[PDB]
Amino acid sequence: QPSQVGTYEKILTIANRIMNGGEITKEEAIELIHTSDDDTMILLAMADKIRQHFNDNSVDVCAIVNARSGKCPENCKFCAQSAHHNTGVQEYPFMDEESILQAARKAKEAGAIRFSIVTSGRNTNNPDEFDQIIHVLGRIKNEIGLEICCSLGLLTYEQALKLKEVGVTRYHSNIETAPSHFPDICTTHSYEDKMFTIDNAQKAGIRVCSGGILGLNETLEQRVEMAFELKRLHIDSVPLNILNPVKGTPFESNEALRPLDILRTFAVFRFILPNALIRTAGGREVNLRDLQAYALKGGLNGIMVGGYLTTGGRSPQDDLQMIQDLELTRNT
């Protein structure tokens, strides 16, 4: 005479606990990231409910420009732009400011409300390039009216002050993977170098955007470790890339993830970080295909449009239509 309960009850219980002020434990998150295919839609649904409980129904749209491309001394095993790997990538110096402003203007027409200057290379060690970056970041913000981001690699405290002064509101630095996996993906810089960078940005009063890449041979457990590590670092802006394997790099042959594995991972990040702005970045179109729309009703509330650094995306108008079709709104 007791009704039979479904396999997905724990998902409901935990979601309720979080929406009532509790927190998921590591063991719980590990269980949830192993959710079945059959129960995945309940997990995604409950992530969407957590998202709604702690945030509005807006989707934050960003876009980037590869303002300086290729020729990087770092050996990050996934990156097209490393010198240790022949990938046939475009190489060029810092774009001229009018060219950058054009891209800024296109990103705004496309529906981005914030825009990142991204450069290859460890850091920006020449103080003249840095100065050019500051100059054009200012023009973007004051003349185009976009919030400004940047991804400049390793960052000193003095640089972060300057970024803060010119009006940067997100400083991007990805942890890439779980601390326990970072040695297996890069050796020319360390995890510690990422901590320094992130700390320096935070101490200058800049909200840090930090995430990483699913599909680097991390275990599911390590994806959970990565989320809690972001929690530790007080990160509330999280871009989740999915590896786009680059011919010539060592991760060329990395096995593709199953779309539902990716979507489950997104949902579990939401459970672990209920108040964060969590977004897709690289690899969305190619690795989620016709399931991309699941992300924004499965725990994510941001999207990078207009393509990436050395890899493309779909038309941003299709992305704006998808947001509308999901009955979500566009931020700011």
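Residue numbers here begin at 1 and follow the sequence given.
Peer 1: Mean CA B-factor: is it higher for 176 to 184 or for 215 to 223?
Peer 2: Result: 176 to 184.
Peer 1: So, looking at the entry's B-factor column for Cα atoms, which has the higher mean, 319 to 327 or 12 to 20?
Peer 2: The entry gives the higher C-alpha B-factor average to 12 to 20.
Peer 1: Given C150, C76, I262, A104, identify the residue with the highest C-alpha B factor in the PDB entry.
Peer 2: Within the set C150, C76, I262, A104, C76 shows the top C-alpha B-factor.
Peer 1: Per the entry, which of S237, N200, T87, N244 tops the list for Cα B factor?
Peer 2: Among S237, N200, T87, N244, the PDB entry lists the largest C-alpha B-factor for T87.
Peer 1: Which third of the chain holds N66 when residues are ordered by C-alpha B factor: lowest, middle or highest?
Peer 2: Middle third of the chain for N66's C-alpha B-factor.
Peer 1: Ranking the modelled residues of this chain by C-alpha B-factor as given in the entry, is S116 in the lowest, middle or highest third?
Peer 2: Lowest third - that is where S116 ends up once the chain's C-alpha B-factors are sorted.
Peer 1: Could you place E27 in the lowest, middle or highest third of its chain by Cα temperature factor, using the values in the record?
Peer 2: For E27, the deposited C-alpha B-factor lands in the highest third.
Peer 1: Tell me, lowest, middle or highest third: where does the Cα B factor of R139 rank within its chain?
Peer 2: As the PDB entry reports it, the C-alpha B-factor of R139 lands in the middle third of its chain.
Peer 1: By its CA B factor, does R258 count among the lowest, middle or highest third of the modelled residues in the chain?
Peer 2: It falls in the bottom third of the chain.
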